[PDB]
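A.B. asks: Have a peek at data26.cif (mmCIF, C-alpha atoms and all ligand atoms).
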data_upload
loop_
_atom_site.label_atom_id
_atom_site.label_comp_id
_atom_site.auth_asym_id
_atom_site.auth_seq_id
_atom_site.Cartn_x
_atom_site.Cartn_y
_atom_site.Cartn_z
CA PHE A 1 105.81 83.01 175.93
CA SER A 2 106.43 86.50 177.21
CA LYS A 3 104.81 89.59 175.76
CA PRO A 4 106.00 90.42 172.24
CA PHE A 5 109.01 92.59 171.60
CA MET A 6 108.10 92.89 167.90
CA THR A 7 104.91 92.68 165.83
CA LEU A 8 104.82 90.50 162.72
CA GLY A 9 102.65 89.94 159.68
CA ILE A 10 102.76 87.25 157.00
CA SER A 11 103.25 88.64 153.51
CA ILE A 12 104.78 87.93 150.11
CA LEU A 13 108.38 88.59 149.07
CA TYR A 14 108.57 89.02 145.30
CA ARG A 15 110.67 90.85 142.71
CA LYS A 16 109.84 94.34 141.58
CA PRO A 17 108.99 94.39 137.86
CA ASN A 18 111.55 96.37 135.92
CA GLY A 19 110.23 99.77 134.84
CA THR A 20 111.90 100.13 131.44
CA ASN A 21 112.19 103.86 130.88
CA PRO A 22 110.47 105.68 128.00
CA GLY A 23 113.73 106.42 126.16
CA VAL A 24 114.48 109.77 124.55
CA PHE A 25 112.81 108.93 121.24
CA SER A 26 109.51 108.55 123.09
CA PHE A 27 107.45 111.03 121.06
CA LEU A 28 107.55 108.86 117.93
CA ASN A 29 105.48 106.21 119.74
CA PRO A 30 101.88 107.54 119.17
CA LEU A 31 102.13 106.65 115.47
CA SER A 32 103.30 103.39 113.95
CA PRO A 33 106.70 103.37 112.16
CA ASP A 34 105.03 102.75 108.80
CA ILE A 35 102.65 105.69 109.32
CA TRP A 36 105.57 108.09 109.79
CA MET A 37 106.75 106.87 106.41
CA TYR A 38 103.25 107.29 104.98
CA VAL A 39 103.17 110.89 106.19
CA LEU A 40 106.66 111.44 104.75
CA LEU A 41 105.64 109.91 101.42
CA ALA A 42 102.54 112.11 101.56
CA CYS A 43 104.46 115.38 101.95
CA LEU A 44 106.88 114.12 99.30
CA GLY A 45 103.90 113.08 97.19
CA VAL A 46 101.36 115.90 97.60
CA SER A 47 104.13 118.47 97.16
CA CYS A 48 105.05 116.81 93.87
CA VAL B 1 97.09 101.98 109.16
CA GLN B 2 94.03 100.26 110.65
CA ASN B 3 93.44 103.11 113.10
CA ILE B 4 93.49 106.33 111.07
CA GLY B 5 93.71 104.92 107.54
CA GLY B 6 90.96 106.84 105.76
CA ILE B 7 92.64 110.23 105.61
CA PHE B 8 95.04 108.64 103.14
CA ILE B 9 92.00 107.58 101.12
CA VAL B 10 90.56 111.10 100.97
CA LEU B 11 94.05 112.43 100.28
CA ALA B 12 94.06 110.07 97.31
CA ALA B 13 90.50 111.17 96.56
CA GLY B 14 90.95 114.94 96.56
CA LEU B 15 94.15 114.99 94.51
CA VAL B 16 92.61 112.82 91.78
CA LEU B 17 89.66 115.24 91.99
CA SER B 18 92.13 118.13 91.70
CA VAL B 19 93.74 116.79 88.52
CA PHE B 20 90.23 116.60 87.02
CA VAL B 21 89.46 120.26 87.76
CA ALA B 22 92.97 121.23 86.59
CA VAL B 23 92.24 119.88 83.11
CA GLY B 24 88.81 121.54 83.09
CA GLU B 25 90.35 124.93 83.73
CA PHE B 26 92.98 124.22 81.08
CA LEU B 27 90.17 123.40 78.65
CA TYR B 28 88.36 126.57 79.77
CA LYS B 29 91.21 128.84 78.69
CA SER B 30 91.18 126.83 75.46
CA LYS B 31 87.48 127.74 75.30
CA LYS B 32 87.76 131.50 75.82
CA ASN B 33 90.63 131.49 73.34
CA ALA B 34 88.51 129.38 70.96
CA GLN B 35 86.92 132.61 69.71
CA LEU B 36 90.40 133.95 68.88
CA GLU B 37 92.34 131.57 66.61
CA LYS B 38 91.11 127.95 66.29
CA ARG B 39 88.86 125.55 68.20
CA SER B 40 91.21 123.55 70.44
CA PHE B 41 94.72 123.02 69.09
CA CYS B 42 95.72 126.69 68.92
CA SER B 43 95.27 127.45 72.62
CA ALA B 44 96.15 123.87 73.60
CA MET B 45 99.56 123.51 71.94
CA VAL B 46 100.71 127.03 72.86
CA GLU B 47 99.73 126.36 76.49
CA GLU B 48 100.97 122.77 76.37
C1 LIG C 101 114.00 92.77 134.80
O1 LIG C 101 114.35 93.14 133.54
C2 LIG C 101 115.18 92.15 132.91
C3 LIG C 101 115.31 92.54 131.46
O2 LIG C 101 116.56 92.13 130.92
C4 LIG C 101 114.71 90.68 133.11
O3 LIG C 101 115.87 89.99 133.58
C5 LIG C 101 116.15 88.70 132.99
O4 LIG C 101 115.14 88.22 132.08
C6 LIG C 101 115.46 86.95 131.49
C7 LIG C 101 114.37 86.65 130.49
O5 LIG C 101 113.25 86.05 131.12
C8 LIG C 101 115.58 85.89 132.58
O6 LIG C 101 115.90 84.63 131.97
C9 LIG C 101 117.31 84.33 131.74
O7 LIG C 101 117.79 84.77 130.41
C10 LIG C 101 118.29 83.81 129.39
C11 LIG C 101 117.15 83.49 128.41
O8 LIG C 101 117.64 82.76 127.25
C12 LIG C 101 116.88 81.54 127.05
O9 LIG C 101 117.10 80.70 128.18
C13 LIG C 101 116.36 79.44 128.35
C14 LIG C 101 117.11 78.33 127.62
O10 LIG C 101 118.13 77.84 128.49
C15 LIG C 101 114.87 79.57 127.95
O11 LIG C 101 114.07 78.91 128.91
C16 LIG C 101 114.46 81.06 127.83
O12 LIG C 101 113.06 81.18 127.56
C17 LIG C 101 115.36 81.87 126.80
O13 LIG C 101 114.89 81.92 125.29
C18 LIG C 101 114.28 80.83 124.52
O14 LIG C 101 113.01 80.33 125.13
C19 LIG C 101 112.41 79.11 124.68
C20 LIG C 101 111.23 78.87 125.59
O15 LIG C 101 111.59 78.08 126.72
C21 LIG C 101 113.47 78.02 124.76
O16 LIG C 101 112.96 76.70 124.54
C22 LIG C 101 112.42 76.38 123.25
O17 LIG C 101 111.01 76.32 123.33
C23 LIG C 101 110.29 75.77 122.20
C24 LIG C 101 108.83 75.74 122.66
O18 LIG C 101 108.74 75.36 124.02
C25 LIG C 101 110.84 74.41 121.76
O19 LIG C 101 110.54 73.43 122.74
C26 LIG C 101 112.36 74.51 121.56
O20 LIG C 101 112.83 73.21 121.23
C27 LIG C 101 113.02 75.04 122.83
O21 LIG C 101 114.42 75.14 122.59
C28 LIG C 101 114.58 78.40 123.80
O22 LIG C 101 115.54 77.35 123.72
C29 LIG C 101 115.28 79.66 124.29
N1 LIG C 101 116.32 80.06 123.35
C30 LIG C 101 117.63 79.96 123.60
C31 LIG C 101 118.54 80.42 122.51
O23 LIG C 101 118.05 79.51 124.66
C32 LIG C 101 119.03 82.56 130.00
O24 LIG C 101 120.41 82.65 129.71
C33 LIG C 101 118.82 82.35 131.54
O25 LIG C 101 119.11 80.99 132.03
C34 LIG C 101 119.12 79.89 131.10
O26 LIG C 101 120.43 79.59 130.73
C35 LIG C 101 121.38 79.43 131.82
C36 LIG C 101 122.77 79.09 131.17
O27 LIG C 101 123.58 78.29 132.05
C37 LIG C 101 120.87 78.39 132.89
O28 LIG C 101 121.44 78.72 134.14
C38 LIG C 101 119.32 78.38 133.05
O29 LIG C 101 118.93 77.12 133.56
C39 LIG C 101 118.54 78.68 131.78
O30 LIG C 101 118.71 77.53 130.98
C40 LIG C 101 117.47 82.81 132.03
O31 LIG C 101 116.46 82.02 131.39
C41 LIG C 101 116.58 86.31 133.65
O32 LIG C 101 116.53 85.40 134.75
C42 LIG C 101 116.28 87.72 134.17
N2 LIG C 101 117.32 88.16 135.09
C43 LIG C 101 117.06 88.58 136.33
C44 LIG C 101 118.25 88.99 137.14
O33 LIG C 101 115.92 88.62 136.78
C45 LIG C 101 113.58 90.43 134.11
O34 LIG C 101 112.55 89.67 133.49
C46 LIG C 101 112.97 91.69 134.73
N3 LIG C 101 112.43 91.40 136.05
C47 LIG C 101 111.11 91.38 136.31
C48 LIG C 101 110.73 91.05 137.72
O35 LIG C 101 110.28 91.61 135.44
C1 LIG C 102 104.31 114.93 111.56
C2 LIG C 102 105.77 115.03 111.07
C3 LIG C 102 106.17 113.84 110.18
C4 LIG C 102 107.55 114.04 109.51
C5 LIG C 102 107.82 113.00 108.40
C6 LIG C 102 109.14 112.23 108.62
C7 LIG C 102 109.01 111.06 109.63
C8 LIG C 102 109.91 109.85 109.24
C9 LIG C 102 110.18 108.92 110.44
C10 LIG C 102 110.23 107.59 110.25
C11 LIG C 102 110.49 106.65 111.45
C12 LIG C 102 111.30 107.35 112.58
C13 LIG C 102 111.00 106.76 113.98
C14 LIG C 102 111.17 105.22 114.02
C15 LIG C 102 109.92 104.54 114.64
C16 LIG C 102 109.89 104.62 116.19
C17 LIG C 102 109.73 103.22 116.83
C18 LIG C 102 111.10 102.58 117.18
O1 LIG C 102 111.16 101.43 117.46
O2 LIG C 102 112.27 103.37 117.16
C19 LIG C 102 112.99 103.35 118.36
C20 LIG C 102 114.50 103.36 118.07
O3 LIG C 102 114.91 104.71 117.92
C21 LIG C 102 115.04 105.11 116.58
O4 LIG C 102 115.84 104.59 115.88
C22 LIG C 102 114.14 106.23 116.03
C23 LIG C 102 114.65 106.78 114.68
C24 LIG C 102 115.77 107.84 114.87
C25 LIG C 102 115.61 109.05 113.93
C26 LIG C 102 114.44 109.97 114.34
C27 LIG C 102 114.26 111.14 113.34
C28 LIG C 102 113.02 112.02 113.64
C29 LIG C 102 112.16 112.26 112.37
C30 LIG C 102 112.66 113.48 111.56
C31 LIG C 102 111.56 114.55 111.37
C32 LIG C 102 112.15 115.99 111.43
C33 LIG C 102 112.08 116.71 110.06
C34 LIG C 102 110.62 116.96 109.61
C35 LIG C 102 110.54 117.89 108.38
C36 LIG C 102 111.27 119.22 108.61
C37 LIG C 102 112.62 104.58 119.20
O5 LIG C 102 112.04 104.12 120.41
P1 LIG C 102 113.00 104.08 121.76
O6 LIG C 102 112.74 105.30 122.61
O7 LIG C 102 114.46 104.05 121.35
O8 LIG C 102 112.64 102.71 122.64
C38 LIG C 102 113.71 101.92 123.13
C39 LIG C 102 114.30 102.63 124.39
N1 LIG C 102 115.00 101.69 125.33
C40 LIG C 102 116.07 101.00 124.58
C41 LIG C 102 115.64 102.24 126.54
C42 LIG C 102 113.98 100.72 125.81
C1 LIG C 103 106.14 109.65 95.43
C2 LIG C 103 106.03 108.45 96.39
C3 LIG C 103 107.40 108.03 96.97
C4 LIG C 103 108.28 107.28 95.94
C5 LIG C 103 108.85 105.96 96.51
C6 LIG C 103 110.28 106.13 97.09
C7 LIG C 103 110.74 104.87 97.88
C8 LIG C 103 110.48 105.01 99.41
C9 LIG C 103 110.02 103.68 100.04
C10 LIG C 103 110.20 103.46 101.36
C11 LIG C 103 109.73 102.13 101.99
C12 LIG C 103 109.88 102.13 103.54
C13 LIG C 103 111.25 101.55 104.01
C14 LIG C 103 111.66 102.07 105.42
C15 LIG C 103 110.90 101.34 106.57
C16 LIG C 103 111.37 101.84 107.96
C17 LIG C 103 110.44 101.37 109.11
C18 LIG C 103 111.21 100.65 110.25
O1 LIG C 103 110.66 99.78 110.84
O2 LIG C 103 112.57 100.98 110.52
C19 LIG C 103 112.94 101.92 111.52
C20 LIG C 103 112.83 103.36 111.02
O3 LIG C 103 113.55 104.21 111.89
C21 LIG C 103 114.54 104.98 111.25
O4 LIG C 103 115.68 104.85 111.53
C22 LIG C 103 114.12 106.01 110.18
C23 LIG C 103 115.34 106.73 109.56
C24 LIG C 103 115.65 108.07 110.27
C25 LIG C 103 114.43 109.03 110.25
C26 LIG C 103 114.71 110.32 109.44
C27 LIG C 103 114.23 110.22 107.97
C28 LIG C 103 113.57 111.53 107.47
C29 LIG C 103 114.33 112.81 107.93
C30 LIG C 103 113.50 114.11 107.74
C31 LIG C 103 112.80 114.18 106.36
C32 LIG C 103 112.77 115.63 105.79
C33 LIG C 103 111.50 115.91 104.95
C34 LIG C 103 111.76 116.93 103.81
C35 LIG C 103 110.48 117.27 103.02
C36 LIG C 103 110.76 118.16 101.80
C37 LIG C 103 112.18 101.76 112.85
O5 LIG C 103 112.70 100.61 113.50
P1 LIG C 103 114.10 100.78 114.38
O6 LIG C 103 113.99 99.99 115.67
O7 LIG C 103 114.33 102.24 114.70
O8 LIG C 103 115.37 100.20 113.47
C38 LIG C 103 116.66 100.78 113.64
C39 LIG C 103 117.41 100.69 112.28
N1 LIG C 103 118.81 101.23 112.33
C40 LIG C 103 119.56 100.43 113.33
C41 LIG C 103 119.62 101.21 111.09
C42 LIG C 103 118.73 102.65 112.75
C1 LIG C 104 99.63 110.31 97.65
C2 LIG C 104 100.52 109.14 98.05
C3 LIG C 104 101.97 109.45 97.72
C4 LIG C 104 100.34 108.76 99.52
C5 LIG C 104 101.10 107.53 99.99
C6 LIG C 104 100.76 106.25 99.22
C7 LIG C 104 99.33 105.72 99.39
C8 LIG C 104 98.54 105.90 98.10
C9 LIG C 104 99.29 104.27 99.93
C10 LIG C 104 100.59 103.87 100.67
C11 LIG C 104 100.19 102.70 101.59
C12 LIG C 104 98.70 102.45 101.30
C13 LIG C 104 97.82 101.72 102.33
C14 LIG C 104 98.42 100.35 102.66
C15 LIG C 104 97.45 99.46 103.36
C16 LIG C 104 96.14 99.64 103.41
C17 LIG C 104 95.25 98.67 104.16
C18 LIG C 104 94.10 98.18 103.30
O1 LIG C 104 93.23 97.36 104.09
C19 LIG C 104 93.33 99.36 102.74
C20 LIG C 104 94.25 100.26 101.91
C21 LIG C 104 95.43 100.81 102.73
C22 LIG C 104 94.90 101.76 103.82
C23 LIG C 104 96.40 101.55 101.76
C24 LIG C 104 95.83 102.88 101.25
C25 LIG C 104 96.77 103.63 100.30
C26 LIG C 104 98.17 103.84 100.90
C27 LIG C 104 98.10 104.79 102.10
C1 LIG C 105 84.87 124.19 87.81
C2 LIG C 105 85.67 124.45 86.55
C3 LIG C 105 85.63 123.24 85.64
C4 LIG C 105 85.17 125.69 85.84
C5 LIG C 105 85.26 126.98 86.64
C6 LIG C 105 86.70 127.42 86.88
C7 LIG C 105 86.86 128.66 87.78
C8 LIG C 105 87.39 128.23 89.15
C9 LIG C 105 87.72 129.73 87.08
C10 LIG C 105 87.34 129.89 85.59
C11 LIG C 105 87.36 131.38 85.26
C12 LIG C 105 88.23 131.95 86.38
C13 LIG C 105 88.34 133.47 86.56
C14 LIG C 105 88.88 134.12 85.28
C15 LIG C 105 89.40 135.50 85.50
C16 LIG C 105 89.58 136.07 86.68
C17 LIG C 105 90.00 137.52 86.79
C18 LIG C 105 91.21 137.70 87.69
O1 LIG C 105 91.49 139.09 87.85
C19 LIG C 105 90.94 137.06 89.04
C20 LIG C 105 90.62 135.58 88.89
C21 LIG C 105 89.39 135.32 88.00
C22 LIG C 105 88.13 135.88 88.69
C23 LIG C 105 89.27 133.79 87.73
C24 LIG C 105 88.90 133.00 89.00
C25 LIG C 105 88.76 131.50 88.74
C26 LIG C 105 87.74 131.19 87.63
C27 LIG C 105 86.33 131.63 88.06
#
Show me, as structure tokens, the structure contained in the file I just sent.

C.D. replies:
Amino acid sequence: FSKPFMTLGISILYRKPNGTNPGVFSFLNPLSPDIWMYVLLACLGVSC
Amino acid sequence: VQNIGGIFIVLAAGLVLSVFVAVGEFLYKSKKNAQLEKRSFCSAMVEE
């Protein structure tokens, strides 16, 4: 061989995992969809 | 409902407590008016 004209390295080719975006109704996520109903039935209940 | 949960219990606890004290104030104005006309049914039925 001669001297190198390029330096290598063995590594792993693999797909990037798809970063599904936090879509525009993202702020409803910190409570469960039945709890948002339970709050809504509370403010419809306690007001009655 | 597993996470927070218990604030709905004390919401159901205080409002049942509040109906109890609502009757006791209703029976208290039937008590200060008990020296006026009759014992219960005068101040009850007019305020019912
Ligand atoms: C990037 O983000 C995206 C998000 O969209 C992702 O991209 C794609 O994700 C896909 C999902 O993994 C991936 O797979 C292709 O999609 C479909 C999947 O449909 C069914 O296809 C196969 C059946 O042919 C199944 O193997 C699949 O699992 C799938 O659903 C059901 O799964 C069951 C489990 O195997 C299967 O078998 C049943 O299993 C039970 C228990 O084991 C019983 O035995 C039962 O009897 C079995 O039937 C179910 O049958 C199956 N249901 C149905 C209705 O099929 C698929 O079309 C595709 O290829 C299939 O079909 C083609 C048709 O010709 C054929 O070419 C294939 O051989 C294969 O049969 C794939 O499976 C996509 O590849 C991927 N796309 C890309 C570009 O990546 C990525 O996940 C994200 N990327 C990263 C890195 O995260
Ligand atoms: C503290 C106040 C409480 C109020 C009580 C009432 C609460 C009653 C609520 C009850 C449930 C409402 C939210 C649903 C549950 C969210 C989970 C879900 O899966 O939905 C998802 C579908 O997107 C939707 O469909 C969301 C619903 C749309 C209407 C939102 C009205 C806002 C509430 C009106 C309040 C204003 C008036 C208030 C009074 C003046 C949302 O998630 P995503 O982002 O779409 O994820 C996918 C994105 N992606 C596809 C790219 C991957
Ligand atoms: C006294 C006691 C009460 C009496 C009983 C009465 C009976 C009541 C019993 C009710 C039982 C519960 C049934 C509903 C269950 C829904 C949960 C769910 O998973 O679905 C979805 C809810 O996401 C929504 O789409 C919500 C609807 C829009 C939100 C706005 C509503 C309030 C607006 C403001 C309020 C103003 C407040 C004013 C205050 C003065 C979430 O999943 P998804 O992925 O989004 O699904 C998409 C569906 N889609 C495609 C059709 C869109
Ligand atoms: C005042 C009223 C209108 C509020 C809304 C209705 C209340 C009474 C109901 C609606 C759904 C109910 C909850 C449904 C599920 C559970 C899980 C269980 O393991 C304990 C009770 C608990 C936590 C319930 C408590 C009472 C509850 C919150
Ligand atoms: C705990 C229940 C069962 C019995 C006690 C009820 C209490 C909360 C009620 C009964 C009598 C009420 C009082 C009766 C009259 C007056 C005068 C008015 O100008 C201001 C309110 C005031 C001062 C009321 C405040 C509330 C009161 C003290």

A.B. asks: Find the residues around residue 38 (chain A) up to 9 Å (only C-alpha atoms counted), leave out those fewer than 5 positions away in its own chain, and share them as a list in words.

C.D. replies: residues 33 and 43 of chain A; 8 of chain B

A.B. asks: Do you have the atom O5 of ligand LIG 102 (chain C)-CA of residue 27 (chain A) distance handy?

C.D. replies: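 One can read the atom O5 of ligand LIG 102 (chain C) to CA of residue 27 (chain A) distance as 8.3 Å.
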
A.B. asks: By how many Å are atom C15 of ligand LIG 102 (chain C) and CA of residue 30 (chain A) apart?

C.D. replies: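 For atom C15 of ligand LIG 102 (chain C) relative to CA of residue 30 (chain A), the distance reads 9.7 Å.
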
A.B. asks: Please build the interface table for chain A against ligand LIG 104 (chain C) with a cut-off of 9 Å, listing for each qualifying residue the nearest atom pair and the distance in Å to one decimal; count only C-alpha atoms and all ligand atoms, order rows by chain and increasing number, and write it as a Markdown table.

C.D. replies:
| residue | atom | partner | partner_atom | distance |
| --- | --- | --- | --- | --- |
| A:34 | CA | C:LIG104 | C11 | 8.7 |
| A:35 | CA | C:LIG104 | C27 | 8.6 |
| A:37 | CA | C:LIG104 | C5 | 8.6 |
| A:38 | CA | C:LIG104 | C5 | 5.4 |
| A:39 | CA | C:LIG104 | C5 | 7.3 |
| A:40 | CA | C:LIG104 | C5 | 8.3 |
| A:41 | CA | C:LIG104 | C3 | 5.2 |
| A:42 | CA | C:LIG104 | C4 | 4.5 |
| A:43 | CA | C:LIG104 | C3 | 7.7 |
| A:44 | CA | C:LIG104 | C3 | 7.0 |
| A:45 | CA | C:LIG104 | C3 | 4.1 |
| A:46 | CA | C:LIG104 | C1 | 5.9 |
| A:48 | CA | C:LIG104 | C3 | 8.9 |

A.B. asks: Find the nearest atom pair between each residue of chain B and chain A for residues within 9 Å, count all atoms listed in the file, give distances in Å to one decimal, sort rows by chain and ascending number, and present the table as a tab-separated table.

C.D. replies:
residue	atom	partner	partner_atom	distance
B:1	CA	A:35	CA	6.7
B:8	CA	A:42	CA	8.4
B:11	CA	A:46	CA	8.5
B:15	CA	A:46	CA	7.9

A.B. asks: Edge lengths and centre, in Å to one decimal, as AutoDock Vina command-line options: that's what I need for the box along x, y and z that holds all listed atoms of region 19-23 of chain B plus 3 Å on each side.

C.D. replies:
--center_x 91.6 --center_y 118.9 --center_z 85.8 --size_x 10.3 --size_y 10.6 --size_z 11.4

A.B. asks: Which residue out of A:1, A:22, A:11, A:28 has the minimum interatomic distance to ligand LIG 103 (chain C) when all atoms listed in the file are used?

C.D. replies: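 That would be A:28, the residue with the smallest distance to ligand LIG 103 (chain C).
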
A.B. asks: Quick one, how far is atom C32 of ligand LIG 103 (chain C) from CA of residue 2 (chain B)?

C.D. replies: 24.7 Å

A.B. asks: Taking all atoms listed in the file into account, which residues have an atom no farther than 6 Å from ligand LIG 101 (chain C)? I'd like them as a PyMOL selection string.

C.D. replies: chain A and resi 15-18

A.B. asks: Taking only C-alpha atoms and all ligand atoms into account, produce a table as CSV in which each residue of chain B with an atom at most 12 Å from an atom of ligand LIG 105 (chain C) appears once, together with its shortest atom pair and the distance in Å to one decimal, ordered by chain and rising number.

C.D. replies:
residue,atom,partner,partner_atom,distance
B:17,CA,C:LIG105,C1,11.0
B:18,CA,C:LIG105,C1,10.2
B:19,CA,C:LIG105,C3,10.8
B:20,CA,C:LIG105,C3,8.2
B:21,CA,C:LIG105,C3,5.3
B:22,CA,C:LIG105,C3,7.7
B:23,CA,C:LIG105,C3,7.8
B:24,CA,C:LIG105,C3,4.4
B:25,CA,C:LIG105,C3,5.4
B:26,CA,C:LIG105,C3,8.7
B:27,CA,C:LIG105,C3,8.3
B:28,CA,C:LIG105,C10,6.8
B:29,CA,C:LIG105,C10,8.0
B:30,CA,C:LIG105,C10,11.3
B:31,CA,C:LIG105,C10,10.5
B:32,CA,C:LIG105,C11,9.4

A.B. asks: For a quick check of understanding, using only C-alpha atoms and all ligand atoms, which of A:14, A:20, A:6, A:25 has the smallest distance to ligand LIG 103 (chain C)?

C.D. replies: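 Smallest distance to ligand LIG 103 (chain C) is found for A:25.
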
A.B. asks: Generate the coordinates of N, CA, C and O atoms for region 20-31 of chain B; report them as an mmCIF file, keeping the file's coordinate frame.

C.D. replies:
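What ended up in part28.cif:
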data_model
loop_
_atom_site.group_PDB
_atom_site.id
_atom_site.type_symbol
_atom_site.label_atom_id
_atom_site.label_comp_id
_atom_site.auth_asym_id
_atom_site.auth_seq_id
_atom_site.Cartn_x
_atom_site.Cartn_y
_atom_site.Cartn_z
ATOM 1 N N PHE B 20 91.401 116.478 87.888
ATOM 2 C CA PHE B 20 90.230 116.600 87.020
ATOM 3 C C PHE B 20 89.844 118.063 86.814
ATOM 4 O O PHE B 20 89.570 118.488 85.685
ATOM 5 N N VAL B 21 89.822 118.849 87.891
ATOM 6 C CA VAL B 21 89.460 120.260 87.760
ATOM 7 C C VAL B 21 90.616 121.066 87.170
ATOM 8 O O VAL B 21 90.388 122.152 86.619
ATOM 9 N N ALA B 22 91.846 120.544 87.222
ATOM 10 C CA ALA B 22 92.970 121.230 86.590
ATOM 11 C C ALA B 22 92.882 121.154 85.075
ATOM 12 O O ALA B 22 93.231 122.113 84.375
ATOM 13 N N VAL B 23 92.422 120.018 84.549
ATOM 14 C CA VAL B 23 92.240 119.880 83.110
ATOM 15 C C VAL B 23 91.059 120.731 82.648
ATOM 16 O O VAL B 23 91.111 121.372 81.591
ATOM 17 N N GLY B 24 89.994 120.780 83.458
ATOM 18 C CA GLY B 24 88.810 121.540 83.090
ATOM 19 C C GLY B 24 89.028 123.034 83.051
ATOM 20 O O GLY B 24 88.366 123.743 82.289
ATOM 21 N N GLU B 25 89.956 123.538 83.862
ATOM 22 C CA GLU B 25 90.350 124.930 83.730
ATOM 23 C C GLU B 25 91.295 125.147 82.564
ATOM 24 O O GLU B 25 91.272 126.216 81.944
ATOM 25 N N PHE B 26 92.137 124.154 82.267
ATOM 26 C CA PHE B 26 92.980 124.220 81.080
ATOM 27 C C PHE B 26 92.146 124.212 79.808
ATOM 28 O O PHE B 26 92.457 124.926 78.848
ATOM 29 N N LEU B 27 91.080 123.413 79.786
ATOM 30 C CA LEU B 27 90.170 123.400 78.650
ATOM 31 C C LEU B 27 89.245 124.612 78.640
ATOM 32 O O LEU B 27 88.592 124.867 77.622
ATOM 33 N N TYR B 28 89.169 125.357 79.745
ATOM 34 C CA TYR B 28 88.360 126.570 79.770
ATOM 35 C C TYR B 28 89.106 127.746 79.156
ATOM 36 O O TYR B 28 88.505 128.572 78.462
ATOM 37 N N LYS B 29 90.412 127.851 79.406
ATOM 38 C CA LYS B 29 91.210 128.840 78.690
ATOM 39 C C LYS B 29 91.472 128.444 77.241
ATOM 40 O O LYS B 29 91.878 129.301 76.451
ATOM 41 N N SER B 30 91.247 127.182 76.875
ATOM 42 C CA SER B 30 91.180 126.830 75.460
ATOM 43 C C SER B 30 89.814 127.170 74.883
ATOM 44 O O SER B 30 89.640 127.201 73.661
ATOM 45 N N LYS B 31 88.829 127.422 75.752
ATOM 46 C CA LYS B 31 87.480 127.740 75.300
ATOM 47 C C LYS B 31 87.281 129.243 75.125
ATOM 48 O O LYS B 31 86.614 129.675 74.179
#
